Amino acid sequence: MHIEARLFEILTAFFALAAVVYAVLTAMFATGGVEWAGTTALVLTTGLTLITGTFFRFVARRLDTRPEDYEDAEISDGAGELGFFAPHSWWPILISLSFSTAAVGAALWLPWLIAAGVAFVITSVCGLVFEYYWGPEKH
Amino acid sequence: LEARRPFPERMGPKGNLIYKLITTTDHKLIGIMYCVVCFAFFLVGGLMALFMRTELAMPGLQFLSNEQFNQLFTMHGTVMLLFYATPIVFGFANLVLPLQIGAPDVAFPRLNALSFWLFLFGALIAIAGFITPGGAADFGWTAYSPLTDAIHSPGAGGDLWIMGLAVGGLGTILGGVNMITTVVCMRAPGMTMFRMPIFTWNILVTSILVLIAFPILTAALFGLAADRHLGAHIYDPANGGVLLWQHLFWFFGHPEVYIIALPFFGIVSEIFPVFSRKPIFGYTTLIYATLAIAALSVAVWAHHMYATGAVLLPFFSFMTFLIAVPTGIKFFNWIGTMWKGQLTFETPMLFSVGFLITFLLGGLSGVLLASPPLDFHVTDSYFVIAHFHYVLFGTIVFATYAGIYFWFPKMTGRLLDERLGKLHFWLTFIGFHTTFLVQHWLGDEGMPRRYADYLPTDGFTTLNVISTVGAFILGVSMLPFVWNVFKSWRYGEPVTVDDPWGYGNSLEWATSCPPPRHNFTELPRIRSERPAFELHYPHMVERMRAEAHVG
Amino acid sequence: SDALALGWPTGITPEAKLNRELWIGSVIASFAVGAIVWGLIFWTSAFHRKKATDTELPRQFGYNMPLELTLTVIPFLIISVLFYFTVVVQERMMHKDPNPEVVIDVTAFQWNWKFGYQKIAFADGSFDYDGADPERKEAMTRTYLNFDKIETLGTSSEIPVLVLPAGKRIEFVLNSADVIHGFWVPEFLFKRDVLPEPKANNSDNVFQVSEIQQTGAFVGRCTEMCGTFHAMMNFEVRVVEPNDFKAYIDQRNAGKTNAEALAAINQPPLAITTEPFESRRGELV
Amino acid sequence: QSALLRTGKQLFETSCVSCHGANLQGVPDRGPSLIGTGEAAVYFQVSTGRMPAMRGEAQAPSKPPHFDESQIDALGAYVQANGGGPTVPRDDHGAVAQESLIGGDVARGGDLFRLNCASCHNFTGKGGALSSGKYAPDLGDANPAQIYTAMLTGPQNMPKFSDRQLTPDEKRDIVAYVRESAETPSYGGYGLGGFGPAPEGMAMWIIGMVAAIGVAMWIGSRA
Amino acid sequence: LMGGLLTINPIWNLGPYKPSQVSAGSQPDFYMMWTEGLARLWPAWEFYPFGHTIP
Amino acid sequence: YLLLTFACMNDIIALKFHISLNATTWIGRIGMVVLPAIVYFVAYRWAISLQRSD
Amino acid sequence: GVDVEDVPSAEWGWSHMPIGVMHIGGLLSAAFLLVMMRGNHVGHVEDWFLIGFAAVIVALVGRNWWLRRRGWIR
Ligand code: HEA
Ligand code: HEA
Ligand SMILES: CCCCCCCCCCCCCCCC(=O)O[C@H](COC(=O)CCCCCCC[C@@H](C)CCCCCCCCC)COP(=O)(O)O[C@H]1[C@H](O)[C@H](O)[C@@H](O)[C@@H](O)[C@@H]1O
Ligand SMILES: CC(C)=CCC/C(C)=C/CC/C(C)=C/CC/C(C)=C/CC/C(C)=C/CC/C(C)=C/CC/C(C)=C/CC1=C(C)C(=O)c2ccccc2C1=O
Ligand code: HEC
Ligand code: HEC
Ligand SMILES: [Ca+2]
Ligand SMILES: [Cu+2]
Ligand SMILES: [Cu+2]
Ligand SMILES: [Cu+2]
Ligand SMILES: [Cu+2]
């Protein structure tokens, strides 16, 4: 994945230039000096793109070329088993409902409702993560 | 000879859909549900806008109070921007991105459904502020710092608004993660990154923009909730709290508008070649323009802040002009695409041209707004209202309708009616221009935005009447589209071929209408950006490789 | 000349004159660009359609590299011209010459205004008044708020009339009691945000007008959402000749209201460009 | 002190004139008249945070305060001079009485609270809903002075208990009862909000029966 | 565990029953609430046949 | 049953989840007719859909 | 009576409800909503809500009955 890491490297470079230029341009010429608000966001945007691109580059340096990344390749190159994809699940809607219960508790500041919503969130995330690993009931 | 049915099955039997709705992990069904729920929220927000315009028709306060009108513009802006536009972006992504790259599914199929349900329930939580006796939030969708305090606006509608926005933002971030991973590492064997369509590029970069923007909004909203429920002093004016909130919110908010702008650029870039019978002009140029727009969208926010007197004007002015340039590159590429084609103006093409005109005038108004001296006069007026309505309506309405008329045959197997499409388009176009072309003049004369009431000596009466007439024309224009969709889901003309538009591209026109589960019973050899076109017209391949370069 | 401004009122200050010139030029340029692009769109839509006599698909061209380079260069020079004019006008508009003739301490509190007349120092050595009132300021330790002797409070049943001289360099210092408000006088062709704590948030709460060419009545409105009565916060500026202004200030030095002194100086006592808003919530109340 | 009245007038003119008319004469369809309400009324309505209000709806809700102690006292003195009415009780040191308002009879305070106060709040001042969007708030966050000025100058849909209807000693006893109810622990375990059988049924259904059904599912088989 | 760690019916806070006084949160145990709920929602329909009342 | 049970508790619901008590009463009055029908429709369709899944 | 193409396990349990019962129940419920308009209340927003819900219920009942009349629902 050379092109993916290249995109994130380009974004990281531009964001680093933007952050440094903003810090220098507001350290002088701004009322309070360094704005301390846009500068932080731009620096950590550089951090975000840097993390993603650097990880992708570690992935791509030790990766042999995939069919997707190799022009003039055949469809038969991609034969075999792709990975695992969940056919169905009703756990996402319960996770969303639990998060909504917790959010309603925090909006109206009802601590009992926040606690119940977090308990429901933990239970539903347990259900989602455990869904395809529960073995047969042993009796 | 073969045996067929005199008419395909209109609807499934009892119990065909509800369990799928509850438990689906199919990106196609998730996209369908996104589109339906987003259009319903659009109807609600438009009803709010109709109430606003009806109040603003005459110089008195005929039926709304000040508080109700404030709640109306606040919740209407919120619903239109966050509960319709970004989710419809993800709905289009779910519909066609896995198809466009030759993939059977999204990367994390349960996370997709989680994102959809987080959307639905967060939107409902934020809207539920109307059920409260005090009413919903009434501090604008921007929610500036001291007015959103516990003292100013003490009701629970603001809190419900904040937390529903947080839940919807979590859903949006998860959707962006899913889309980027799917684009990165699930493409077809022939689909190199420089062979994916423009829509896939735009969705990828839009998801990156989501990942940058939405977490900052979540942090700011958590800070504001701590402020309101704990007396935190995070946004106290004695600190830099006012301008701190403005900085954080706009660092979110301008990336948000480009989040809701780029994918519809991609949609029209898909639609133009199909009805022009020629390739997309400047494919790599369009990719570079998208990348430049996304990069510049993160470091332009404080041009929404020229009036505070607390920001560096030259930096953001220059950055705003510089971000305006690549969008002009995009329009010239689209013109080149339409240039010297065989244009047949079927409904998606008609909405694409409506997009071109509308967003053109919106961009002109925007570069007018970029200049701080001019924004000094026109900020917080209806010139701003007309500007962003023109851009938001060119992008998220005209291009959304073009995408719906385009991919409805692919998602349903039935064709929407062309006569109803033309009627609805012309109604929408005339109504939009009628209701928004005079708010420029309104704002320039001195009518500020977010006013619930004016006076007959102000001079704001005739233009407000014209705008209310246009708003009711726009409300009326939704009847043909709803009727068309409702009738043509079941009794629409069947599609029994791939590519009901003939000259399609992007690999979703190389599979049935609708596509089967797992999206593909075969994949053609991908050698160019438009594999389906060279799959259906092989004799053109040589020509596409000989005539591609004008110079 | 009169229709290209798209509603822009003719300014009453030189800064507003220059801003209106820039706006009209910018509208000209934007309409030119829009004309070009709309012409391309309608040229491609009117002609270039499908016809009955074509059976071969068009030339499949998707790259015109020199045209792309040219059409990328041109917007950069256009925005460069706009940026140059923008910076020149903006520096012309935020100047703050250090010797204003009159200083007004604009205070915006929730749904009314307060004009103070902090300092008046005519250039010609013909009038001088130090309204700075530190006693009440320290008695109100909201220390960022500025108090003056000759105040002008607006009420829910009275629109404050800011009386200014004509041709004298005026200064406005903007402060807010609780929330953000908007100082807009549409005739000034300029507005600013009245922030609670301007110095803590690093804001320019002070802005200056070189002179006001016209003696007249001008409406002003709040242009930042501030709560329920955000549309109910109008004020008026009455620019009178300097002699009538000095007479008004003398009538204010003796204990008298704003309307009393305005009538004493042969002016209408109330606001004439804007009547007060009925405090009634509506019509079906 | 007259400077107290002057600073109170300045505070009122930049924070209360809108909705109240610069002379405590009510602004129509925006707010009531403030003549005769009293410094006790001003103290309650400002220290509780309710004033200034930001909009008109079914009820003015409690907020964080907008004025410090001395600013509240100056506003109260201004309204009292321009008005004429009840005043906040003060102790020997001349400050608003806080600990010298708590009585020694909590059974009398409890009976008085149940006859007069618990109708609209809970048995322990947990709050109760009213007709159309209005409600009786929680008494947990209220110092003795705030309770005193509440029951002495009826804020909003709260009946006014005059100094004859509830003599200051009975008011002290009611204040003592409210404070003890707010500060007392629960003996039987975590008090489920003190609202009675509704949270108890919720706890039964979500903690007791959920546990029972989970245990049955563990013990038993499926299908 | 519930009888230890959760308070149910703390009757010292409610006080003895006097017919002249009442609290805001007057509710029965959950299994009876529907009864009271059915009393809350039914819309005050009464009949007065021939000098009598059917409440 | 659940609607009647929560209608019994509409005062506490309106005090905590800020709603007009009259609004809660009218929601209950409309609901004790509308909600049973919606629930019947949804449950019938859901059961048939479970059969189709099997 | 019903077949197993619409309800797969129609042989295993009670799986058909006569259409007349649901039509009559919908009309009766709309009538009840209408009746609740006359009462001891002074507000009238609830009157609009009652009328709207009765209107949507009657519209659904009439649509279903009409479609079953023309054979669009068999
Ligand atoms: C997604 C972008 C988007 C869209 C599509 C719209 C849609 C419309 N908007 Fe809005 N608007 C904003 C973005 C958008 N708006 C934003 C960001 C704000 C700022 C909010 C704030 O200040 O905080 C705003 C606020 C705003 C203002 C500023 C008001 C003020 O400040 O005083 C105005 C002015 O007229 C307006 C009008 C309209 C009109 C007439 C439409 C029309 O295009 C809508 C047409 C659709 C309809 C009219 C629906 C028809 C209704 C029916 C058919 C009824 C049936 C419905 C049901 C049965 C449920 N809206
Ligand atoms: C779809 C979302 C969207 C998009 C794409 C844009 C695009 C642009 N916007 Fe804006 N904007 C909003 C959504 C959007 N905006 C919203 C929602 C608000 C109000 C928020 C609120 O307050 O609630 C807003 C308000 C807003 C402000 C804040 C000012 C104020 O609040 O008063 C500014 C300031 O610069 C601005 C300018 C621009 C510019 C220069 C572009 C450029 O990207 C446009 C570039 C396009 C063109 C210029 C036309 C095509 C170009 C050519 C044909 C080439 C030739 C052109 C030249 C040579 C110049 N708009
Ligand atoms: C099973 C776990 C329970 C613990 C068991 C262990 C118990 C052992 C000893 C008990 C210790 C508690 C001491 C007794 C003291 C005590 O009771 O602890 C309360 C503390 O606070 C709170 O309640 C917030 C607590 C947050 C966690 C609560 C957990 C709730 C669980 C049970 C949720 C179940 C419900 C499910 C919801 C369903 C979801 C939707 C389906 C009182 O706070 P207080 O400081 O007095 O202020 C009051 C103010 O409520 C008031 O607003 C005001 O301030 C004052 O008037 C006062 O009343
Ligand atoms: C009848 C009606 C209209 C109710 C509306 C109330 C309501 C849900 C307001 C929230 C706004 C809305 C409608 C949001 C809709 C969006 C969505 C999907 C939200 C999902 C999250 C939801 C529904 C949260 C509410 C859950 C709910 C209503 C629970 C019942 C509430 C009750 C009575 C709990 C009982 C209870 C009370 C009252 C305590 O005080 C207490 C104190 C200490 C410990 C425990 C408790 C306790 O259990
Ligand atoms: C418009 C939103 C107002 C603002 C600004 C101020 N007040 Fe007000 N007042 C207003 C309303 C709608 C009400 C009735 C609701 C209530 O909570 O009482 C009031 C009432 C008062 C009272 C109590 C009246 C009594 O009988 O004792 C007081 C003491 C009061 N208001 C004082 C007050 C002060 C000090 C303000 C500036 C901080 C202020 N009000 C502003 C409306 C509005
Ligand atoms: C009618 C119902 C009553 C009755 C009979 C009592 N209270 Fe009050 N109460 C009620 C309302 C509607 C309000 C809010 C007033 C407003 O918002 O302006 C209050 C307020 C209080 C407060 C202040 C709450 C706080 O500090 O946040 C207190 C302390 C208080 N009420 C106590 C109280 C006492 C002791 C009563 C018996 C004498 C009493 N209330 C009766 C509603 C009502
Ligand atoms: Ca009107
Ligand atoms: Cu911006
Ligand atoms: Cu602004
Ligand atoms: Cu204001
Ligand atoms: Cu304002």
# chains A, B, ... in the order shown; residues from 1 in each chain; ligands from 1

$ residues_near_ligand --ligand "ligand 9" --cutoff "7 Å" --atoms "only C-alpha atoms and all ligand atoms" --output "ChimeraX atom specification"
/B:305,307,379-380 /C:224

$ select_by_dssp --residues "stretch 20-203 of chain C" --states "alpha helix (DSSP H)" --output "MDAnalysis selection string"
chainID C and resid 20:46 65:93 134:139

$ residues_near_ligand --ligand "ligand 10" --cutoff "7 Å" --atoms "only C-alpha atoms and all ligand atoms" --output "ChimeraX atom specification"
/C:110-111,180-182,222-226,230,233

$ residues_near_ligand --ligand "ligand 7" --cutoff "8 Å" --atoms "only C-alpha atoms and all ligand atoms" --output "list in words"
residues 54, 55, 56, 57, 58, 59, 60, 61, 62, 63, 64, 452, 453 and 454 of chain B

$ residues_near_ligand --ligand "ligand 1" --cutoff "6 Å" --atoms "only C-alpha atoms and all ligand atoms" --output "list in words"
residues 43, 44, 46, 47, 49, 50, 53, 73, 74, 77, 80, 81, 85, 140, 141, 385, 389, 392, 393, 449, 450, 451, 471, 474, 475 and 478 of chain B

$ residues_around --residues "stretch 21-35 of chain F" --least-positions-apart "4" --cutoff "8 Å" --atoms "only C-alpha atoms" --output "list in words"
residues 129, 130, 131, 132 and 133 of chain D; 40, 41 and 42 of chain E; 3, 4, 7, 10, 11, 14 and 39 of chain F; 29, 33, 46 and 50 of chain G

$ interface_residues --of "chain D" --to "chain C" --cutoff "8 Å" --atoms "only C-alpha atoms" --output "PyMOL selection string"
chain D and resi 7+13-15+17-19+21-22+27-30+54-55

$ write_last_selection --atoms "N, CA and C atoms" --output "PDB file, in the first residue's frame"
ATOM      1  N   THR D   7     -24.731  51.343  43.660  1.00  0.00           N
ATOM      2  CA  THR D   7     -24.207  50.180  42.954  1.00  0.00           C
ATOM      3  C   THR D   7     -25.316  49.179  42.641  1.00  0.00           C
ATOM      4  N   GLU D  13     -29.669  48.292  36.287  1.00  0.00           N
ATOM      5  CA  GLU D  13     -29.860  48.956  35.000  1.00  0.00           C
ATOM      6  C   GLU D  13     -29.156  48.229  33.861  1.00  0.00           C
ATOM      7  N   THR D  14     -28.097  47.481  34.150  1.00  0.00           N
ATOM      8  CA  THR D  14     -27.418  46.716  33.113  1.00  0.00           C
ATOM      9  C   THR D  14     -27.783  45.240  33.125  1.00  0.00           C
ATOM     10  N   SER D  15     -28.680  44.811  34.013  1.00  0.00           N
ATOM     11  CA  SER D  15     -29.064  43.403  34.064  1.00  0.00           C
ATOM     12  C   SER D  15     -30.558  43.154  34.185  1.00  0.00           C
ATOM     13  N   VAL D  17     -33.271  45.964  33.771  1.00  0.00           N
ATOM     14  CA  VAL D  17     -34.192  46.973  33.244  1.00  0.00           C
ATOM     15  C   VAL D  17     -35.082  46.373  32.164  1.00  0.00           C
ATOM     16  N   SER D  18     -34.482  45.658  31.216  1.00  0.00           N
ATOM     17  CA  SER D  18     -35.270  44.861  30.291  1.00  0.00           C
ATOM     18  C   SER D  18     -36.001  43.783  31.077  1.00  0.00           C
ATOM     19  N   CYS D  19     -37.290  43.627  30.784  1.00  0.00           N
ATOM     20  CA  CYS D  19     -38.286  42.825  31.485  1.00  0.00           C
ATOM     21  C   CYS D  19     -38.766  43.486  32.778  1.00  0.00           C
ATOM     22  N   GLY D  21     -38.232  47.447  33.449  1.00  0.00           N
ATOM     23  CA  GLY D  21     -38.667  48.809  33.181  1.00  0.00           C
ATOM     24  C   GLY D  21     -38.000  49.939  33.939  1.00  0.00           C
ATOM     25  N   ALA D  22     -36.842  49.709  34.560  1.00  0.00           N
ATOM     26  CA  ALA D  22     -35.976  50.780  35.060  1.00  0.00           C
ATOM     27  C   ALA D  22     -36.548  51.499  36.276  1.00  0.00           C
ATOM     28  N   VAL D  27     -42.721  45.343  32.810  1.00  0.00           N
ATOM     29  CA  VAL D  27     -42.766  45.495  31.361  1.00  0.00           C
ATOM     30  C   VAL D  27     -43.836  44.543  30.835  1.00  0.00           C
ATOM     31  N   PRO D  28     -44.852  45.035  30.129  1.00  0.00           N
ATOM     32  CA  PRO D  28     -45.968  44.166  29.738  1.00  0.00           C
ATOM     33  C   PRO D  28     -45.499  43.000  28.882  1.00  0.00           C
ATOM     34  N   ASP D  29     -46.051  41.821  29.168  1.00  0.00           N
ATOM     35  CA  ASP D  29     -45.753  40.582  28.451  1.00  0.00           C
ATOM     36  C   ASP D  29     -44.269  40.223  28.484  1.00  0.00           C
ATOM     37  N   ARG D  30     -43.514  40.794  29.410  1.00  0.00           N
ATOM     38  CA  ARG D  30     -42.117  40.422  29.611  1.00  0.00           C
ATOM     39  C   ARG D  30     -41.807  40.062  31.055  1.00  0.00           C
ATOM     40  N   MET D  54     -33.812  34.322  31.129  1.00  0.00           N
ATOM     41  CA  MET D  54     -33.389  34.511  29.749  1.00  0.00           C
ATOM     42  C   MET D  54     -34.524  34.368  28.747  1.00  0.00           C
ATOM     43  N   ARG D  55     -35.642  33.762  29.135  1.00  0.00           N
ATOM     44  CA  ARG D  55     -36.790  33.644  28.246  1.00  0.00           C
ATOM     45  C   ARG D  55     -38.019  33.314  29.078  1.00  0.00           C
TER      46      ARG D  55
END
